[PDB]
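As structure tokens, one chain now follows by itself in the form deposited in one PDB entry.
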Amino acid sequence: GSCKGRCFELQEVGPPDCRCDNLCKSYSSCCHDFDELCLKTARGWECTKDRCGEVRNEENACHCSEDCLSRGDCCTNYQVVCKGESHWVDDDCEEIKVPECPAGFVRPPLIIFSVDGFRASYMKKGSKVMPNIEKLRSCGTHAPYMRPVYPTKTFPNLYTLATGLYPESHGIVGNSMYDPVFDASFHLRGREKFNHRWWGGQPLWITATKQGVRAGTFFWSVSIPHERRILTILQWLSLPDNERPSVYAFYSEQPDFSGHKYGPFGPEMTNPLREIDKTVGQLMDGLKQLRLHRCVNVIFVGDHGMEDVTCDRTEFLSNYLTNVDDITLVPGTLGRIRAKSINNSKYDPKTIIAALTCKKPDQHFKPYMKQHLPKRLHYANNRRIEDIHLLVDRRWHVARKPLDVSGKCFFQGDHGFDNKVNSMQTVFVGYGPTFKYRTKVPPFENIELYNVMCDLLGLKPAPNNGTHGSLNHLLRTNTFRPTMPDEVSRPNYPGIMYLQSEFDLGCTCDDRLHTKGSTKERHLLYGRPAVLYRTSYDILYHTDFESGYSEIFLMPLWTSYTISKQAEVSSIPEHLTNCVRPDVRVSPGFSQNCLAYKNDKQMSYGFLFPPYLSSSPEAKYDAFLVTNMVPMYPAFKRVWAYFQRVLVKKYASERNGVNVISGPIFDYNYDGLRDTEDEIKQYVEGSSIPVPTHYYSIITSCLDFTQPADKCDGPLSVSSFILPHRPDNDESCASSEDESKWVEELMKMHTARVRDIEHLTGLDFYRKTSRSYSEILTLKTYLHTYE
């Protein structure tokens, strides 16, 4: 009927009965008077000196009367101009040791101020452009930058913040999407983006509601101005205890729009950032009028950054593919290719990949079968993600035909590139009681934030991709303390059993031995990795390395070893080139056969521990054990040999020694999780030897580089890779030249976290350290970007 006193109501209303909520416009189910009651614009948003001590006029946008505080619907600057109060920004920065909330408040509220396309380097502008945001950043907990998820677009990142999930998990994989099961398209413009079926996981507002914690609107109907959104949140905070929600969200479309139109480094970006700051100023002043400015948790977060991208810097598939009218492309800062129609038979992914692979010297994109995309992107396991994907170089675009892209140039900026690119990095600020005071924190991924916001609201988080405890160093008080998971599979330590005579593996070499002593104290600085799944594996000790050999996979799950700064690098002797010796501690049955590698013309082998960095000539013979070999393509051996021969020593030289934990990964269903035996598709020809899809390497050192890797009492420094086990090096366009030119570039592109490896290996590292477990969780979430 009417929105008499029901403006922006938080309850549900079953059809009919016209609703007056924040989504009534988008479905067009608002009452006739909604606009002339709830969207009042009369006499602006700011109180004036001549409006102070006025009688209540209901038509006014915000009130400047005496009862406005009791009513809880004043203008944000009411007390400042009338009661002679100061702006929140003008006040001296004061530590919030305890939440200062009125009686009735059971928990301190949470305000999420999300800013679309907010570049991390905009904070450099400082108090001159953004005085209010500078105060929040300087006073509360802030990071130099926050890492978004790929693709670095609005919808995937905002819903990643909401759910703590990778876009492939929560299902919003882009602003543009096609689902083959629905046979419908999701777009930035359309009614289909309001359909619930597209949205997966459990966002913060659902988690809160189902645990008895009431939540305000997270979406605002497009035609509700920024000033009204702030006033509506401040009105909700004035509601009684039983009706008042504890979690709110504000979303601004700036400075994205101005970022696209003018560019990141544009002088026209100042005003849009002044505008954002004023909106924040209205909130903080508004909270101060309600006496909630030292009660409420404020998160100032962005979804992504912005890069200099021009229309003249565009690649066209018409200069690669002969028939362009056969494929549908999702163009711009990324590429997703599928068939235009399902009726087409000639459509071959293999031919399209080949045609797009290193054709031009200065090619500004690289084609990938989604399973071959870097694992750190976690962008494959979803039916809305197309098999063919193009990773576009920063500052560049990819279109189907030249006529697709348009005038002189409409856009000078864009986003959606690799999430490790500096220009795509966004902001996080945490102001309030539960957050720390004048505290800088290392950069972290936005996937982690859902866990933190749940902790602020005292909620049990839904199973997500955040490492719970990794952001405990953000908070003054922690409601969750993390615990190491219990080991499921206890290790075996098998002695000498089977004699060289019994081993008929079809092998040859042409040529105590295996004991513990310094093997643990030197080559396990951070303890034995725990196996978190039922499987039979053995602990094998050597003088140079220690490994956890699997009897099911017939190879090590992990191989740990340590190289000092003054460590020697020797060559593989010519008379030990094809040397592969049987391990007396393991049975012939639970061992690889060298015959299988001769039958398989495509598959060679390599060693997890390098013979190159053997302590003595006698110790090098331990490197040629059958329990230290893994199936490897000749193409990959070029990458792995260089790493082991050159780079493993190079790191030890610069990082004053390094501990290396190397091993295989099986992920044929590309879900980023450890494969079971049945899920392995490819084995070595005529054998039960499973072919790893990737090979990982956890390279740990001392943060204080003055101290060596062993005898490091201070914090730890870590870098990790997950190199794809490819039968070719087509990913590397310069693979023709010496390994030094290309191999290192490939590794930095396939950089990874420890958590990424732990998910893919089902292992748990850094179990015996001098560090707190929450500090280790941060070390495990750390990603070396090389930017």
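Just so we're on the same page, rigid core means the largest C-alpha set that superposes within 1.5 Å between forms. Start at 1 with the first residue shown and count on from there.
There is also a form deposited in another entry; it is not shown, and the following applies to it.
Rigid core superposed between the shown form and the other one, residues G72, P634, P443, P491 considered: the one with a C-alpha shift of 2 Å or more is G72.
Taking the rigid core as fixed, one finds a CA shift for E737 smaller than 2 Å between the shown form and the other one. For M749, the Cα coordinates differ by under 2 angstroms between the shown form and the other one after the core has been superposed. Core-superposed comparison between the shown form and the other one: the C-alpha position of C31 differs by no less than 2 Å.
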